[PDB]
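Residue numbers (UniProt numbering): 20 to 232.
A short write-up of the structure that comes next.
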Amino acid sequence: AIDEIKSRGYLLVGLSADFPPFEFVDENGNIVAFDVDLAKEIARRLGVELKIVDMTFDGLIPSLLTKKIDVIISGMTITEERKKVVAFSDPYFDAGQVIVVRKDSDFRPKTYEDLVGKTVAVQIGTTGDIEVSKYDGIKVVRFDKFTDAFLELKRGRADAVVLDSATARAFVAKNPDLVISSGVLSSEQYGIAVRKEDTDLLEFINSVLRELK
Ligand SMILES: NC(=[NH2+])NCCC[C@H](N)C(=O)O
Numbered sequence: 020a021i022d023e024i025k026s027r028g029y030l031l032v033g034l035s036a037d038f039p040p041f042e043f044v045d046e047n048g049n050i051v052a053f054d055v056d057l058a059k060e061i062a063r064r065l066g067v068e069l070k071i072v073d074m075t076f077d078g079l080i081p082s083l084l085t086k087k088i089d090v091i092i093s094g095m096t097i098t099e100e101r102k103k104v105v106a107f108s109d110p111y112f113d114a115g116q117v118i119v120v121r122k123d124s125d126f127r128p129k130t131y132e133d134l135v136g137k138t139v140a141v142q143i144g145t146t147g148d149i150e151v152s153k154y155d156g157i158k159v160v161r162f163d164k165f166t167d168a169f170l171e172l173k174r175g176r177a178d179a180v181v182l183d184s185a186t187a188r189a190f191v192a193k194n195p196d197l198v199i200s201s202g203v204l205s206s207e208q209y210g211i212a213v214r215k216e217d218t219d220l221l222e223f224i225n226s227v228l229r230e231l232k
């Protein structure tokens, strides 16, 4: 809780920095982008310093539950399944899943059904993984890091990547060989995850988000 954060002198924020425009590693090795700046605002308003801890996305809730981080600010969708294990702030971004393919491939899937019979790369433990995993006949290939999922697609070892719309746009801008084939397939909102007992921290973060909006 806040007493504990004040006592070490800094907020510990967990994320996976493979997710522009929310968090990524720049060419100097620094972790930057929207969530980083959100983290900084929260810390400044709390009156403490900030430490970002980059890890695998699917390790973030494990890290939060074991108190190795205070909060997750990592483009994380608020889900009923996750609301069983953690608390979320008010939402701060709307997105949904899309399908990315190679422009040179002779296919342009529009729906999850269109990926039946195809090999689809996802980042493990994302809402994208969760969705494609429900469809029998999609062969899912799962990666800790989105960079590796895109390398799989570029190299032709997968047919498609499924991931959130804003990040899909960022990866396709970097990779003119790739294209978003589908419209948006889900209605998701991002929130900041806090341990359920840390009601003080949740409240404070909600107040910061409200002032920002
Ligand atoms: N920093 C990241 N890699 N974030 C992945 C988030 C994907 C999706 N919004 C989810 O919550 O599962």
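Backbone N, C-alpha and C define an ideal beta-carbon position, used for all residues, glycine too.
Is residue 183 near residue 117, with beta carbons less than 9 Å apart? yes
For residue 207, write down the residues that DSSP places opposite it in a beta bridge. 114
Determine the DSSP secondary structure at residue 96, reduced to helix, strand or coil. strand
Indicate, with yes or no, if ligand 1 has a heavy atom lying under 8 Å from the CB of residue 23. no
Could you compute how far the alpha carbon of residue 195 sits from the alpha carbon of residue 122? 8 Å
Cβ-Cβ distance between residue 200 and residue 120 below 9 Å: yes
Should the region 86 to 97 be called in touch with the region 166 to 180, which here means at least 3 C-beta pairs below 8 Å? no
Hey, would you say residue 203 sits closer than 9 Å to residue 141, going by beta carbons? no
Please determine, among 188, 24, 215, the residue with the shortest C-alpha to C-alpha distance to residue 63. 24
Under the DSSP definition of a beta bridge, which residues are partnered with residue 85? Answer is none; residue 85 lacks a bridge partner.
In three-state terms, what does DSSP make of residue 216? coil
Three CB pairs or more closer than 8 Å across the region 22 to 37 and the region 72 to 88: yes
Under a three-way DSSP split, which group does residue 63 fall into? helix
DSSP on residue 167, reduced to helix/strand/coil? helix
Taking all protein chains shown into account, do 16 or more other C-beta atoms lie within 10 angstroms of the C-beta of residue 11, making it buried, or fewer, making it exposed? Lying before the first or after the last residue shown, residue 11 is absent from the chain, which here runs from 20 to 232.
Following a CB-centred definition, is residue 171 positioned closer than 8 Å to any heavy atom of ligand 1? no
So, helix, strand or coil for residue 50, using DSSP? strand
Since residue 44 is in the beta strand (DSSP E), which residue starts that stretch and which ends it? 42 to 44
Closest by C-alpha distance to residue 85, when choosing among 67, 213, 218: 213
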